[PDB]
Amino acid sequence: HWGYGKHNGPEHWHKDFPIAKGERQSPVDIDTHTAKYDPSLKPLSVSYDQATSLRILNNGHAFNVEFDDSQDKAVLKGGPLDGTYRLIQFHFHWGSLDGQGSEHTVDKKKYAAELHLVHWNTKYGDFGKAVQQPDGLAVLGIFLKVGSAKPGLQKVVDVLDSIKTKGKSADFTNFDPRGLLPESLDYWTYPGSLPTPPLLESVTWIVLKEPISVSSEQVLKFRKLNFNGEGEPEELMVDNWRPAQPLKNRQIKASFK
Ligand SMILES: [Zn+2]
């Protein structure tokens, strides 16, 4: 089974998933000198007012917070998108040290972690069907840098000891994802893929320009989780990010001048 550790890491993924070497893989480096402003781009509309969180779990690669996606409560529209996209889950990628951890980079610079809010295109009926379509998913990417604590993140941090090892889960209601957004919604966008197997090229990436600040103590809690399940040998969940992939024939557009 795939992972991030020397013998089963990103460099090996192609053997089981040949799409790893596709034409639209993620993440990529965002080159600001090459990213072009596109006047056709509409502003993002993020409606998270009635978001309904359900639970949080350790799946062996990250921890995901899942939401009720049965109704058009927490949805993303506008920007480069055609329809309505429902929020299904969010999770992070982070490093062993503060100087690395993000998947996307900006002018080659890495952040401490990256937040992914995953949405699926309602016209397909459910995530399982959406995930296989080129316009199936929209992922909002937000960079984290170390500084002042993010008050909206604390509820997540405080529950992590409860899902330390793989397969562990816990109820997690009333979490409001608006507390994880930066002030500005200026963004870059490009067509890409899921950055974990099965690596399907079905994602429209929306990467926010403004990072959010989190504290060292908050990020340290991420680093104490385990890739391994209970009873198995300890393996800290760190550096669960895929390196930048070739841009190839794609163009990154900017919503801002
Ligand atoms: Zn992710």
Side-chain angles (χ1 to χ4, degrees), residues 1-5 8-10 13 17 19-20 22 24-30 46 48 53 55-67 69 74 76 85-96 100-106 110-121 127-128 130-132 136-145 150 153 156-157 160 163 166 172 175 177 180-182 187-208 211-212 214 218-219 221-223 225 227 237-245 252:
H1 179 81
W2 63 275
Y4 294 93
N8 63 1
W13 295 354
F17 309 91
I19 323 70
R24 248 180 71 153
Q25 290 286 292
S26 290
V28 297
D29 177 58
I30 299 162
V46 37
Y48 283 176
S53 60
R55 77 190 171 141
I56 185 174
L57 62 304
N58 181 331
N59 63 18
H61 313 288
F63 63 90
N64 295 174
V65 172
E66 312 186 341
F67 293 77
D69 60 349
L76 182 65
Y85 286 73
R86 284 187 191 159
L87 172 71
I88 178 169
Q89 52 104 342
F90 74 74
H91 60 269
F92 301 80
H93 303 254
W94 61 91
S96 43
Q100 70 196 219
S102 67
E103 298 211 299
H104 291 90
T105 54
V106 185
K110 305 174 180 184
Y111 286 89
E114 176 167 334
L115 162 63
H116 292 159
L117 291 122
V118 183
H119 309 74
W120 60 271
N121 186 337
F127 176 82
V131 77
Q132 306 182 118
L137 306 181
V139 181
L140 207 178
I142 299 171
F143 299 115
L144 280 65
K145 65 172 177 197
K150 191 70 171 176
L153 186 60
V156 178
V157 159
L160 299 183
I163 56 157
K166 159 161 176 46
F172 193 64
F175 179 82
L180 259 20
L181 302 177
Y187 63 90
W188 293 285
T189 179
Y190 75 100
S193 72
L194 290 176
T196 47
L199 298 157
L200 300 165
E201 301 182 323
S202 63
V203 179
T204 290
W205 279 93
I206 304 311
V207 175
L208 262 21
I212 61 167
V214 303
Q218 285 178 325
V219 73
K221 297 282 294 80
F222 289 11
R223 297 193 184 109
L225 298 165
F227 279 131
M237 185 179 276
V238 286
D239 292 309
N240 55 352
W241 47 275
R242 186 192 191 190
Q245 302 292 312
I252 300 179

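Count residues from 1 along the sequence. Just so you know, ligand 1 is whichever comes first in the structure, and atom 1 is the first atom listed for that ligand.
- Shown here are the protein N/O/S atoms lying under 2.8 Å from the Zn ion (ligand 1), water excluded: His91 NE2, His93 NE2, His116 ND1.
- Salt bridge annotation for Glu103-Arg242: absent, with no cationic side-chain nitrogen under 4.0 angstrom from a carboxylate oxygen.
- Judged by distance alone, the side chain of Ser53 and the main-chain N or O of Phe175 form a donor-acceptor pair under 3.5 Å.
- Less than 6.0 angstrom separates the ring centroid of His116 from the ring centroid of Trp205.
- Between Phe222 and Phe92, the angle of the ring planes lies from 30° to 60°, which puts this pair in the tilted group.
- Aromatic rings from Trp2 and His61 are positioned such that their centres are separated by under 6.0 Å.
- When only modelled atom types and interatomic distance are considered, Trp120 and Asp69 share a side-chain donor-acceptor pair under 3.5 Å.
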